[PDB]
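Enquirer: Structure, please.
(chains A, B, C and D)
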Amino acid sequence: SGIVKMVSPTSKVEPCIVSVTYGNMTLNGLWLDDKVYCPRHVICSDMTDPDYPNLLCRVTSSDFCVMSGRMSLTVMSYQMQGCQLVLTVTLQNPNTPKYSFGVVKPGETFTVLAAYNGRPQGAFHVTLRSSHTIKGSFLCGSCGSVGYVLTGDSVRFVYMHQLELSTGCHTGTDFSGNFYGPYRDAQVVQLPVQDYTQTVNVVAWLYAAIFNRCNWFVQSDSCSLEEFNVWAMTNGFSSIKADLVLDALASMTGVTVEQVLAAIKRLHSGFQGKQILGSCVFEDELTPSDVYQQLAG
Amino acid sequence: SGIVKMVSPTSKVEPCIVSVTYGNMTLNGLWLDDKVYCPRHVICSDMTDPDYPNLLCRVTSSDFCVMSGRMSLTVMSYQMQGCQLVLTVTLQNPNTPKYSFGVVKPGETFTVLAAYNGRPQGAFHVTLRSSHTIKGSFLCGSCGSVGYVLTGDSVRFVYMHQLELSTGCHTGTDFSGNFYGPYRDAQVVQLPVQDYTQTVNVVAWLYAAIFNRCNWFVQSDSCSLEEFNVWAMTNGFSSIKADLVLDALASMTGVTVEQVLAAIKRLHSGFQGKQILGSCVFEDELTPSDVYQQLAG
Amino acid sequence: XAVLX
Amino acid sequence: XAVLX
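Expert: Numbering: from 1, shown residues only, chains lettered A, B, ... in the order given. See the structure here:
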């Protein structure tokens, strides 16, 4: 049946993408109801480490250029919240979906809708690392691209891109303005913290392999959950908790979670020429629910 | 700045997805203008190798229940074209985007909008192999899911899922009703033909690596394109033709196409434990245009 | 052997 | 050193 990195449909997020421009700088925003969320560094031009409290008082609402496609919105008021600006506009967005705000935890996934000049160009699958970073694809002009999850018919916005720590390593803010991890909206040295292999995802990826007729790593030995965590702290692996989806996967497959955990520690020492779903390394970018919907739905 | 497999935004395709029900079998369809395209396998029920010209005689329009969302659509007449049915419905689809019908060639990528019961569930990036297959993720109910390409504001529909040849290997029909590759909508054994690693995509992926720190594989030796094709016959690689986008990528990075081809041959025999964008194997699932738009846009 | 989806 | 996007 095959397994891929899937993304959520973008049809209810796309009509909310807008372009915010103050001074010389343009980035992307999210237009929900009568509000427009965007990163606060749209008012800097000061480079390096800005002084956002004092820079905000020269700011006047009429120097923001908000563009939904080719319609222009006007700013009544604004508000600095954390490291984002919440702009109030004249018009309620007529394509607002039922939406909430959330915070993803390490291991969990979401869809990033990459935008430039307030125009969506594509979407991709991302996993929050234990560094509180994501491995995305962003260039200049991409700040303000939102990360969201579809919870059926509603959108739970969770991410707003702002920063690139290292090559291929990105982070941003939730929609309360707070950065994921100990980072801030300044061009200061910010090396990411220690990262770990997301074990629950690697377990779910291996159950996916068993569903796809790839079970040569399954054996008789088992490793407990609490005995795995002891081993994980010293070999680059995250903690694992009980998971209903992992139990569902474990029943459908006929092999226990404890057998997969024991298979992981054996395969940490190399795959020995052979491949798991055409891979040489552990795949930890698919949560149990991501693996569950590509095996049952 | 990171390299991922991206997907086209789905806002123009989602409003076109319908469910088609005959007997009790339900699959998906595509609604454009007053036509609805869906696999002819919807009129079978009797397993194995159906007699489609014989089954058509008993089928009448009143036994199709096409629904867009909760709205019911009335079928006037129908027409079997190749391995698809073109159903003519009463209603002119009000959300029909500007569209065209195309045919993907091996190595070119597109986006599959996976649907169940006429309801979109997710989308993913896929690449047409030399075997005229794709590495997708489908289950029961997924036939009729469309694959498309975004071209400005236009949608070029190219794919209609129909068949799973083996574990993780799929194929289907263009919108003229013809299968990709020498396959057919029958439950007989059709294991895919020989596949090759898409060279043009591997070249583009290495240019992405060069633009993203990783350029250790670049050396002064060079292998011409036509000298590569004679080597590619016997090392599992496809033939390569000159390419502006590769020329543009070559001009940006300062590395000729012939240097990348020579680097491909040396790395066909081991990555030496080193990694290219965190990978230990070639990536042939990103076209030159996919790579260029994630390097510039 | 091929599965019709 | 981190780049503001």
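Enquirer: need the residues of the stretch 51-200 of chain A near chain B, please.
Expert: Residues of the stretch 51-200 of chain A lying close to chain B by C-beta under 8 Å from any C-beta of the partner chain are A:113-114, A:116, A:120-126, A:135-139, A:141, A:164, A:167-170. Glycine gets a C-beta too; all of them are placed from N, C-alpha and C.
Enquirer: rerun at 7 Å
Expert: Residues of the stretch 51-200 of chain A lying near chain B by C-beta under 7 Å from any C-beta of the partner chain: A:116, A:120-124, A:135-139, A:164, A:167-168, A:170.
Enquirer: Quickly note the distance from whichever residue of the stretch 51-200 of chain A sits closest to chain C to residue A:97.
Expert: Nearest residue of the stretch 51-200 of chain A to chain C, counting by C-beta to the nearest C-beta: residue A:125, 21.4 Å away. Noted for residue A:125: a distance of 20 Å to residue A:97, by C-beta to C-beta, to the nearest Å.
Enquirer: Looking at those two now, which is surrounded by more residues?
Expert: Shown here are residue A:125 and residue A:97; by other C-beta atoms under 10 Å in any protein chain shown, residue A:125 has more neighbours (25 against 16).
Enquirer: Check the gap between the more buried one and residue A:147 for me.
Expert: Residue A:125 sits 10 Å away from residue A:147, going by C-beta to C-beta.
Enquirer: Please identify every residue contacting each of those two.
Expert: Shared contacts of residue A:125 and residue A:147, defined by C-beta atoms under 7 Å, 6 or more residues apart in numbering or on different chains, comprise residue A:111.
Enquirer: Show me where chain A has its strands.
Expert: In chain A, the strands defined using DSSP state E lie at A:17-22, A:25-32, A:35-39, A:64-68, A:71-73, A:80-81, A:84-88, A:99-101, A:109-116, A:119-127, A:146-151, A:154-166, A:169-173.
Enquirer: What strands flank the fifth one, and is each parallel or antiparallel?
Expert: Strand A:71-73 pairs in its sheet with strand A:64-68 (antiparallel), by DSSP bridges.
Enquirer: Excluding sequence neighbours, find me the nearest residue to the residue in chain A sticking out farthest from the centre.
Expert: Computed with C-alpha atoms, centre = their mean, the residue of chain A farthest from its C-alpha average is residue A:220, at 36.3 Å. Beyond its immediate neighbours in the sequence, the residue positioned closest to residue A:220 (C-beta to C-beta, 6 or more residues apart in numbering or on different chains) is residue A:259, lying 7.9 Å away.
Enquirer: The one you found reaches residue A:218, doesn't it?
Expert: Yes: between residue A:259 and residue A:218 there is a contact at 5.9 Å, judged by C-beta atoms under 7 Å.
Enquirer: Show me which residues of the stretch 51-200 of chain A are close to chain D?
Expert: A:138, A:142-143, A:161-165, A:170, A:172, A:185, A:187-190.
Enquirer: OK, contacts around residue A:3?
Expert: Counting by C-beta under 7 Å, 6+ apart, residue A:3 touches A:208, A:212, A:277, A:294, B:137.
Enquirer: Apart from its neighbours in sequence, what residue is nearest it?
Expert: Leaving aside its sequence neighbours, residue A:3 sits nearest to residue A:208 (C-beta to C-beta, 6+ apart; 4.8 Å).
Enquirer: Could you measure from the one you found over to residue B:168?
Expert: Relative to residue B:168, residue A:208 is positioned 10 Å away (C-beta to C-beta).
Enquirer: okay, these two: which has more neighbours?
Expert: residue A:208 (26 against 21).
Enquirer: which residues does the nearest residue to residue A:242 once chain neighbours are set aside contact?
Expert: The shortest distance from residue A:242 to any non-neighbouring residue, by C-beta to C-beta, 6+ apart, is to residue A:225 (7.0 Å). By C-beta under 7 Å, 6+ apart, the contact set of residue A:225 is A:240, A:242, A:261.
Enquirer: Sounds good, over and out.
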